[PDB]
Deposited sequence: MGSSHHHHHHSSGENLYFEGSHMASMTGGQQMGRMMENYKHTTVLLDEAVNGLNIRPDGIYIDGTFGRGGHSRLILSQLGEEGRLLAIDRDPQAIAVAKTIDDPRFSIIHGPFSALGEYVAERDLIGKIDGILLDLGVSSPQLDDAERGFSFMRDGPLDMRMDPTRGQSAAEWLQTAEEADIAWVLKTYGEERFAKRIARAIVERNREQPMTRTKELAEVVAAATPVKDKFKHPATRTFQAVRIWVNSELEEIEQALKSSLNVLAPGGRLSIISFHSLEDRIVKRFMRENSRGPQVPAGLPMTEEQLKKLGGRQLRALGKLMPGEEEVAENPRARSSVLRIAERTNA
């Protein structure tokens, strides 16, 4: 069994007639897993901001299942639209990018394979990486790199980026990667930068914050939160939130699980993953 799949689903404490949210449908792994544990009175409501994820979800032929296209920050609204306030028995969030977003160079997440410098989980709307970098001030880019990338060279990288875009506007991931490599002495030099930019383009951290906030208001008594963070910056947020809300009383923190050596050798990208689980009290 794995932390990432088996433990995360366990965390939801599924009952057959319960009502669950998969806030990060992706390719339906968790969703299918949850559905297989639901009875005929069970209900699964799924969310994803990525159209391709919606395209997968669309094919699921189950009257108990539905999908919403939008950010999981609007979780509270979705639940209100359906008069489900206080009737959610579990919310699962499997945070970060999907494998298709990573593997399809055209989605523009990769500095390894060339593609449009995009980085949007939802390319239907909002500002792309290229546009953001094309308009942003040096100080802005620097702050993004330091805060979301933990990039020591944020200032010089931001400088080099601004200069480049002043002279020859960047449009492709490989251009960005090459500018970052050049700007830095000498892992790959552009990794943290790409993470920082991605996190900015997608508001990933604030998204998590807002979803966690709304979760308290939508959960039934005994309702579960089962949240997988991909890396430290997300996890910091999940931990802070569970800590603040369980000390005293609206939540009871039920703990935290990380993948062992075997699971990480089996799956490399699980390296920094952290599952956290909590439960809505009666307060």
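- In sequence order, the gaps in C-alpha coverage of the deposited chain fall at 1-41, 228-231, 294-312.
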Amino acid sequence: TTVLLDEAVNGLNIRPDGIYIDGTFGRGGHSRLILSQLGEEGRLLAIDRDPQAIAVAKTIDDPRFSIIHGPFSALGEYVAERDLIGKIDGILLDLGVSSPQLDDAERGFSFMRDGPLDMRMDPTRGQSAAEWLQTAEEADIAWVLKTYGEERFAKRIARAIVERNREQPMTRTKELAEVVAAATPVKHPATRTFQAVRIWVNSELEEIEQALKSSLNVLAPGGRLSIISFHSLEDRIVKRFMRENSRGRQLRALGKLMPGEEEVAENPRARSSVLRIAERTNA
From here on, numbers count along this sequence of modelled residues.
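- Checked against the record, the higher mean CA B factor of 155-163 and 191-199 lies with 155-163.
- Higher mean CA temperature factor, per the PDB entry, when comparing 146-154 with 88-96: 146-154.
- Across the residues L33, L233, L254, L45, the deposited record lists the maximum Cα B factor for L33.
- Listed residues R249, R224, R27, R49 were ranked by CA B-factor as deposited; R249 comes out on top.
- When the modelled residues of the chain are ordered by their C-alpha B factor, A183 lands in the highest third.
- Sort the chain's modelled residues by C-alpha temperature factor and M258 lands in the middle third, per the entry.
- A8: CA B factor lies in the middle third for its chain, per the PDB record.
- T124: CA B factor in the lowest third of modelled residues in this chain (values from the PDB entry).
- The deposited CA B-factor of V264 belongs to the highest third of values across its chain.
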